Amino acid sequence: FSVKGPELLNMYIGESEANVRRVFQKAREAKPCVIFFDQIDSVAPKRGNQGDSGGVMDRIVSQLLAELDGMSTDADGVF
Amino acid sequence: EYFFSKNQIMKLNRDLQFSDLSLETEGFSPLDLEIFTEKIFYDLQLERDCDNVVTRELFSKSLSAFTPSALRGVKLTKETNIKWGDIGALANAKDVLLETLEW
């Protein structure tokens with residue numbers, strides 16, 4: 794499984810549940826499987842470089858970290 | 613005590629005291645106690661041989677595999693226990709937490 798760079802961002806507000814949540818949990822739903830990323834330097838801007846115009850980069854980056862990390866009780870091969 | 617009397621002959625031996633042990637859990641309705649005491653009976657009736665019965669240890673094990681009817685549908689989780697001392701360095705925070713939560 795993979796997402797091609799900013800395949801995540803989307804028109805409406807509340808972008809994250811429209812894609813990144815559904816796919817990233819789908820990788821937990823799948824059997825042992827990678828997620829491939831490219832151009833992370835486009836997907837997760839350094840949050841300190843704050844952005845105007847809805848700051849959506851903060852929304853993506855927060856949801857991505859929350860779904861990714863900690864991984865307690867969750868070592869299901871999601872490389 | 614009534615349910616341990618009712619459906620089938622049973623005895624907890626004083627290996628545990630009969631009162632207090634209930635407070636091993638709390639979120640239970642009376643309906644929960646019925647099904648829970650059935651789970652106890654069947655589980656130890658399975659893990660022990662088909663002879664006479666006593667609940668010690670196996671109660672404390674099996675209670676791990678249950679949640680009350682009020683909760684079972686709503687999301688809940690339990691972690692791989694990072695016990696107090698495992699994160700225990702700079703205990704100051706953990707102590708603040710335990711103090712303020714345990715009241």
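Protein chains in written order, with full-length UniProt numbering: chain U, 794 to 872; chain C, 613 to 715. The beta-carbon is built from N, C-alpha and C at its ideal position, and this holds for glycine as well.
In its chain, beyond the 5 residues on either side, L801, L802, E808, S809, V813, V836, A837 have a beta carbon closer than 8 Å to the beta carbon of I853 of chain U.
Bounds of the alpha helix (DSSP H) holding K673 of chain C are 670-674. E691 of chain C is positioned such that its CB atom lies no closer than 8 Å to that of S846 of chain U. If you ignore the 5 residues before and after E646 of chain C, its C-beta comes within less than 7 Å of the C-beta of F615, all in its own chain and listed in chain order.
CA-to-CA, the gap between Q657 of chain C and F630 of chain C works out to about 20 Å. Between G798 of chain U and the set U:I828, U:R840, U:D867, the nearest pair of CA atoms involves U:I828.
Taking C-beta atoms as the reference points, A811 of chain U and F794 of chain U fail to come closer than 8 Å. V796 of chain U is bridged by DSSP to U:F830. Secondary structure of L688 of chain C (DSSP, three-state): coil. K706 of chain C sits close to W696 of chain C, with the two beta carbons spaced by under 8 Å.
Ranked by Cα distance from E636 of chain C, the options C:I694, C:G700, C:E711, C:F671 are led by C:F671. For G639 of chain C, the CB contacts under 6 Å within the same chain, skipping 5 residues up- and downstream, are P680 in chain order.
Going by beta carbons, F830 of chain U and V796 of chain U fall inside the 8 Å limit. In this structure, the beta-carbon distance from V666 of chain C to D627 of chain C falls below 8 Å.
Excluding the 5 residues flanking it on each side, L683 of chain C has same chain C-beta neighbours closer than 8 Å at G639, in chain order.
Straight-line spacing of the CA atoms in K839 of chain U and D862 of chain U works out to 17 Å. If the five residues before and after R668 of chain C are omitted, its C-beta is found closer than 8 Å to the C-beta atoms of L624, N625, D627, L628, all from its own chain and listed in chain order. Put simply, of U:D869, U:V849, U:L858, U:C826 the residue whose alpha carbon is nearest the alpha carbon of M804 of chain U is U:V849.
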